[PDB]
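None of the figures in this text is laboratory data; all of them are computed from the coordinates on show. Don't worry about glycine lacking a Cβ; one is built from the backbone with ideal geometry, like all the others, and counts go over all protein chains shown.
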Amino acid sequence: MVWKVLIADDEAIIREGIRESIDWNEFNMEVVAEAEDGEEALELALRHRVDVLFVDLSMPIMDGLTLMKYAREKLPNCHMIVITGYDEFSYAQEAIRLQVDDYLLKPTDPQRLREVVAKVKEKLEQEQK
């Protein structure tokens, strides 16, 4: 039942902050995977067939955009949360083509993440009636 979440950020302090700022279980979610590059992250999303994925836009090896293009193709209704820095926000517009459920600013605060994660659960809940 519990929806599988992948967290992919090029910085461990931000990655392990998302992972531990919310009780994912209250949103019927479990984090099945974190990733530190976009090659490992795509591999991990396909292997765990994730429902929900947080991706930083900036990734080494394979960048966040290229990962998200592969992911929307191969996991046609995962929900996608693009994580952006301040210096990089003007370039999240290139992701609208991919239908991303939300955009997350980095570094985040626990209440913003809860609003984000509550939207996704709502849409997930609807597709499963």
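Scoring 98-107, 62-71 by mean Cβ neighbours within 10 Å over their residues and listing the highest first yields 62-71, 98-107. Looking only at segment 81-108, which residues have a backbone nitrogen under 18 Å from a spot 7 Å from the Cα of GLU20 in the C-beta direction? Backbone N within reach: 107-108. The H on the amide N of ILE7, modeled in the peptide plane, is under 5 Å from the matching H of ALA33, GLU34, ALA35, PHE54, each at least 5 residues off or on a different chain.
Given R₀ = 22 Å, what would the calculated FRET efficiency be for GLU73 paired with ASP102, taking r from the Cβ atoms and rounding to 0.05? Before the final figure, lay out each step's value.
Details: r = 20 Å, r/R0 = 0.91.
Here the calculated transfer efficiency is 0.65.
Think of it as helices only: each DSSP H run of n ≥ 4 in the chain is worth -39500 (n - 2.57), and spread over all residues that comes to -11500 deg cm²/dmol at 222 nm.
For the chain, the dipole from Cβ point charges (+1 on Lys and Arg, -1 on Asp and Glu) about the Cα centre works out to 620 debye, to the nearest 20.
Computed FRET efficiency, Cβ-Cβ of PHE89 and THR66, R0 22 Å: what is it to the nearest 0.05?
Values: r = 19 Å, r/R0 = 0.86.
Between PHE89 and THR66 the formula returns 0.70.
Each residue of segment 26-38 was assigned a 3J(HN,Hα) from its phi angle through the Karplus expression (A = 6.51, B = -1.76, C = 1.60, θ = phi - 60°), giving 4, 9, 6, 9, 9, 7, 8, 4, 9, 8, 10, 9, x Hz with x at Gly and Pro. Take every Cα-Cα distance within the chain, group them into 5 Å bins from 0 onward, and report for each bin the whole-number percent of pairs it holds. Pair shares across the bins are 2, 11, 24, 27, 22, 11, 2, 0, 0.
Counting other Cβ atoms within 10 Å as a rough exposure proxy, the listed residues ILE61, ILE96, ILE81 run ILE96, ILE61, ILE81 from fewest neighbours to most.
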